[PDB]
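Notes to accompany the following structure.
Remember, it's 1-based here, ligands and their atoms both numbered in the order they're listed. Chain naming here is simple, since letters A, B, ... match the order of the sequence lines and numbering starts at 1 in each.
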Amino acid sequence: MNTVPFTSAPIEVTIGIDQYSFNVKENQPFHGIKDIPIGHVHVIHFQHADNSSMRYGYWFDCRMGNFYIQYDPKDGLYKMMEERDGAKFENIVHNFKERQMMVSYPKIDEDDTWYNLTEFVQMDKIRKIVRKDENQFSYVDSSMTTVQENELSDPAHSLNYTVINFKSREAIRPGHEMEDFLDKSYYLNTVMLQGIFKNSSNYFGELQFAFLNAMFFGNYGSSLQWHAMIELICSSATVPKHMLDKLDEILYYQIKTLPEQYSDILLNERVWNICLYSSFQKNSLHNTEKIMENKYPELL
Amino acid sequence: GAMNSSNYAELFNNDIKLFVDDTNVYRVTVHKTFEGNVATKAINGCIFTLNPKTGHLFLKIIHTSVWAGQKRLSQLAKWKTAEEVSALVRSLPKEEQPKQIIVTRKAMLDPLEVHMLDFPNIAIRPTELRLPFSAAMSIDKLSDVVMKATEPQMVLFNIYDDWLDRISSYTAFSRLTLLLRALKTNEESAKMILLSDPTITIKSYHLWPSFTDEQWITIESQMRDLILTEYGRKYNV
Ligand SMILES: COc1cccc(CNC2CCCC2)c1O
């Protein structure tokens with residue numbers, strides 16, 4: 001179990017730790033979050049009580065260093081930082097725990113939700129999508145645009161998701177135009193899995209990371225990426241059977257975690273209806289289709 | 001974006017463009033089988049690719065052999081159209097290639113776009129105009145070369161004959177669409193109008209009769225009558 005201490009909480013903010021959230025009042029004696037499960041990436045995220053504009057946060061893995069949060073009154077936000085002095089850190093954390101100034105990561109024993117949402121997400125891949133090499137953790141916010149969005153403007157602050165474009169020379173083999181557009185297996189299996197991602201685990205990891213940025217930060221380009229990666233699989237006639245089974249599990253937990261009030265903006269009607277009811281894989285996503293039909297029958 | 005009444009004179013500017021109509025590519029007769037089921041039999045078709053400024057028509061004849069052994073022919077027809085238009089463009093010298101292609105049916109947009117990915121600077125556009133190019137097969141000489149073809153073939157026509165010597169391309173296109181709209185609404189009466197007078201002939205190298213300027217005004221008036229009529233006969237007005 002690891003800890004992310006806070007120097008202080010000078011501004012009233014709503015703090016999220018993965019799917020959990022709690023409110024901290026202005027100058028409330030809050031010094032961080034303890035009992036964070038080891039073995040998973042995590043995301044700490046914030047919304048100022050004053051300006052709900054700009055939900056922002058940090059992806060991290062406690063195995064990679066000792067991290068803390070400190071408010072910067074100049075830049076006006078809670079910043080993640082690494083403490084290199086491990087004895088200063090343990091000493092800091094021990095004092096805050098002794099004074100019980102920390103919230104406990106509130107995981108139910110039965111509950112595999114976070115594992116299931118982050119199964120294939122790796123910090124090393126997050127850091128290649130979010131490029132800030134000097135830090136071990138990655139900042140994301142609501143407003144950050146993707147490389148592909150930038151092609152249709154500060155490159156330093158972009159989400160470098162893998163570009164997917166169904167009407168592109170990468171996607172369409174000369175002389176296989178109709179074949180490759182109507183059945184995207186070539187593009188999925190050769191171009192993307194074999195060529196770019198190397199394996200389906202890396203593909204699923206980017207798909208899961210995109211959903212989580214889309215859900216927690218309302219990041220529109222992330223939602224576009226998540227739906228494109230779903231649609232590329234569903235529009236492929238030839239997909240390894242283990243991939244379809246895993247995709248069904250992935251999407252199931254995403255839809256179940258998806259709060260109902262954010263569904264209208266986070267779910268693309270066309271992709272989902274095509275995927276569940278028209279695509280090659282219309283009969284391959286039993287768990288996802290069941291939860292979609294019982295939780296969001298209006299979208300369909 | 002979409003071509004409509006608002007941007008209609010764009011058709012006659014000096015940016016090369018082509019209309020593509022696919023409505024006669026896949027043509028069938030439906031008939032009963034000996035067992036009393038229904039079956040289709042394909043007949044020859046054609047892609048109607050037209051430069052509205054110059055009148056140049058690239059008639060790509062679609063022979064029935066192209067459908068042998070194929071499934072989902074209506075879908076294939078759009079992709080075959082797009083394959084043939086892309087081949088046409090690649091065959092033209094760079095300075096003759098179009099700067100836009102306007103498809104008369106929106107279902108041709110994605111097939112054409114995918115086949116033209118090599119030409120990112122050629123704009124593929126739909127239109128809101130209800131153009132009557134389906135009636136091209138009511139032009140006897142075009143119908144004749146399509147039905148006689150024994151293999152795939154491209155035939156080049158000027159659908160305006162020599163009209164551009166005397167009228168603008170705006171006026172010529174307006175005459176063409178009036179003639180074709182008439183042939184589409186009532187083919188027999190339209191053809192009677194055009195041929196009734198034995199003394200007006202069709203030159204060997206032309207598609208329509210050699211009307212004087214005055215006779216075209218009479219003809220054009222008779223076609224409007226026809227269309228407005230049938231529009232009553234149809235809706236009872
Ligand atoms: C239940 O999972 C969620 C999905 C979207 C948004 C939130 C809450 N975001 C908080 C964290 C920072 C202040 C607002 C969730 O908890």
Side-chain angles (χ1 to χ4, degrees), chain A residues 4-28 30-37 40-60 67-72 75-80 102-108 110-119 121 126 130 137-144 159 207-227 250-268 291-292 295-296 299:
Chain A
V4 173
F6 277 52
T7 297
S8 65
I11 72 163
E12 202 150 299
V13 57
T14 291
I15 303 192
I17 184 46
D18 325 318
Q19 72 264 47
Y20 312 111
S21 73
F22 54 94
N23 299 307
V24 176
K25 297 299 178 304
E26 178 191 303
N27 279 306
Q28 177 185 317
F30 176 81
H31 288 300
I33 307 170
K34 58 174 189 169
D35 302 326
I36 301 169
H40 304 128
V41 304
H42 299 287
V43 59
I44 188 171
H45 42 125
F46 307 87
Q47 159 138 293
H48 298 169
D50 47 37
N51 169 65
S52 59
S53 325
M54 186 203 58
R55 272 176 292 165
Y56 62 98
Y58 305 88
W59 289 94
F60 66 97
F67 309 113
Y68 65 104
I69 301 291
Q70 185 169 104
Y71 184 69
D72 175 12
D75 286 346
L77 76 184
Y78 288 99
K79 290 189 165 160
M80 177 159 289
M102 305 193 173
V103 290
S104 174
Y105 185 93
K107 189 188 163 298
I108 305 324
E110 162 183 45
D111 174 45
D112 269 357
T113 295
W114 190 246
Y115 174 74
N116 291 338
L117 292 166
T118 62
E119 181 172 1
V121 181
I126 292 180
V130 190
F137 48 81
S138 304
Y139 170 92
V140 181
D141 69 28
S142 295
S143 77
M144 284 168 58
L159 294 164
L207 183 158
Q208 294 187 306
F209 182 58
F211 170 74
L212 294 165
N213 286 323
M215 179 175 63
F216 288 129
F217 310 111
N219 184 270
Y220 179 72
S222 293
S223 182
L224 291 180
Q225 183 66 9
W226 178 55
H227 285 94
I250 287 165
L251 295 178
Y252 173 80
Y253 284 102
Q254 290 172 338
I255 298 311
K256 188 169 153 30
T257 311
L258 229 216
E260 300 82 342
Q261 293 299 269
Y262 308 40
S263 61
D264 44 314
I265 43 184
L266 284 161
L267 296 175
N268 187 281
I291 190 175
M292 281 292 286
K295 183 175 182 187
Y296 301 120
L299 190 83

Taking only heavy atoms of [X], which atoms of ligand 1 are found under 4.0 Å from at least one of them?
X      : value
A/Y262 : 5 (C), 6 (C)
A/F46  : 12 (C)
A/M215 : 4 (C), 5 (C)
A/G16  : 11 (C), 12 (C)
A/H45  : 11 (C), 12 (C)

Ligand 1 versus A/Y20: contacting region, heavy-atom distance under 4.0 Å: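 No part of A/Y20 comes within reach of ligand 1.
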
Angle between ring planes, [X] versus [Y], binned at 30° and 60°: parallel, tilted or perpendicular?
X     : Y      : answer
A/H45 : A/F216 : tilted
A/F30 : A/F22  : tilted
A/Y78 : A/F6   : tilted

Residue selection (non-hydrogen contact nearest atom 2 (O) of ligand 1) among A/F22, A/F216, A/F217: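 Residue with the shortest heavy-atom distance to the ligand atom: A/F216.
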
Whether over 12 other heavy atoms sit under 6.0 Å from A/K256 NZ: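 It does not: A/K256 NZ has 12 such atoms or fewer within range.
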
Neighbour count above 12 (heavy atom, 6.0 Å) for A/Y71 OH: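 Check passes, neighbour count above 12.
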
Protein heavy atom at shortest distance from atom 1 (C) of ligand 1: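 Looking only at protein heavy atoms, the one closest to atom 1 (C) of ligand 1 is A/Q19 O, 3.5 Å.
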
Atom 10 (C) of ligand 1: the protein heavy-atom neighbour that sits closest, reported with distance to 0.1 Å: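 Answer, as residue, atom name and distance: A/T14 CG2, 4.1 Å.
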
A/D112-A/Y253 side chain donor-acceptor pair, cut-off 3.5 Å: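 Result is no, nothing qualifies.
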
Sub-4.5 Å side-chain heavy-atom contact between A/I44 and A/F67: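 A side-chain contact under 4.5 Å is absent here.
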
